[PDB]
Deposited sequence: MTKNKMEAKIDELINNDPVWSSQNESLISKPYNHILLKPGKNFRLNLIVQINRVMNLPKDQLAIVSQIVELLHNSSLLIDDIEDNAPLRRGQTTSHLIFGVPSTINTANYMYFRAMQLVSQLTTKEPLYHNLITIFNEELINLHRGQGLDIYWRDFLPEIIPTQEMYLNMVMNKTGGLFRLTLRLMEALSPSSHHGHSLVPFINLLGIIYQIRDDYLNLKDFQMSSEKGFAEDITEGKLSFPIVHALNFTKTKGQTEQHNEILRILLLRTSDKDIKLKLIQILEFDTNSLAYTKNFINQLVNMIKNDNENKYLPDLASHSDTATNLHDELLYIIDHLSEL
């Protein structure tokens, strides 16, 4: 009797009830509650004017990008110890870091599974899987560097050039993934999508300081954001020792003190002019398209 139950278990595919699906989906369902700006989704609709994928294929590509985007935020908020995401408590503080890590990773592989419902043309299929794998590798390479510079500061002080190659991997990754899949499926805008990704990341960095995640949470997180990279390299270059050191000291506190965060922003505004430099840099990238 014990034997037959073991036999039945080992001789059949692993069983998975919808009740269990609901238990381990909690972390992800929570983040779905507040949709974001849907910038990537709208980007997908627009781009389809030229690519012309059938409604059904397009829905799958959208689902894949939404799964990857949202799960990547679940992981990034654990990796940054972020208290808020889209104005609500982050999933890992509600369900725990362990379940949130496993759920986000599980969703990466469900996104992978959807890639098969895109086609049966073995030539195409292979190319699709390859695009997915390459860009998931690129995403993790960039995320890995961003995380390393932040957690081991001041071991490595990146240069503007180093930051830009990191963003090409980290932020450029899902934008290139989306576009490469759609382009592969069309009955090249990658360079434009790379620039768009760089502008998106630097702008996010800029706005987090200029201005829901909390007041300037990138400082509390110790991030080597575009403005900070400019500030540290500017102070190094000009021999501004006291301030170079104060920028590093503040980043290392991982502080939520609102006055210390503003102190740091004012050093960028008045001592290194890092805010004006970043605002200008963004406009210079945007003009490359406006002047195309």
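Residues of the deposited sequence missing from the coordinate set occupy positions 1 to 4, 192 to 197, 222 to 226, 308 to 340.
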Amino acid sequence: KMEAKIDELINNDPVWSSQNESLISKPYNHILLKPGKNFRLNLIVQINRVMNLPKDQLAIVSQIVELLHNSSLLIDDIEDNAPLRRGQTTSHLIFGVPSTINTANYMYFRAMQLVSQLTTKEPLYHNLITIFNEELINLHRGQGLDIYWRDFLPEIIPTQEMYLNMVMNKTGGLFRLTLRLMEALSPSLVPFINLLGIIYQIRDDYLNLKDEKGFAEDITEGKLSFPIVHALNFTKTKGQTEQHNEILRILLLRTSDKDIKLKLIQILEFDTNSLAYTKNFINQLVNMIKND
From here on, numbers count along this sequence of modelled residues.
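Among other deposited entries of this protein with both flanking residues present, none omit coordinates for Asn42; it is modelled throughout, well short of a third. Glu212 is a gap in at least a third of the other entries compared, counting only those with both neighbours built. Comparing 42 to 50 with 66 to 74, the stretch with the higher mean C-alpha B-factor in the PDB entry is 42 to 50.
In this crystal structure, the stretch out of 51 to 59 and 252 to 260 whose C-alpha atoms carry the higher mean B factor is 51 to 59.
Within the selection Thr90, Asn81, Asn105, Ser188, the deposited Cα B-factor values reach their highest point at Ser188. Of the candidates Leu153, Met166, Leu114, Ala216, the one whose C-alpha carries the top B factor in the deposited record is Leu114. When the modelled residues of the chain are ordered by C-alpha B-factor, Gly142 sits in the lowest third. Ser18: CA B factor in the middle third of modelled residues in this chain (values from the PDB entry). Among the modelled residues of its chain, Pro123 has a C-alpha B-factor that falls in the highest third, as given in the PDB entry. The entry lists a Cα temperature factor for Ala184 that places it in the highest third of the chain's modelled residues.
In this PDB entry, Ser225 carries a Cα temperature factor that places it within the lowest third of its chain's modelled residues.
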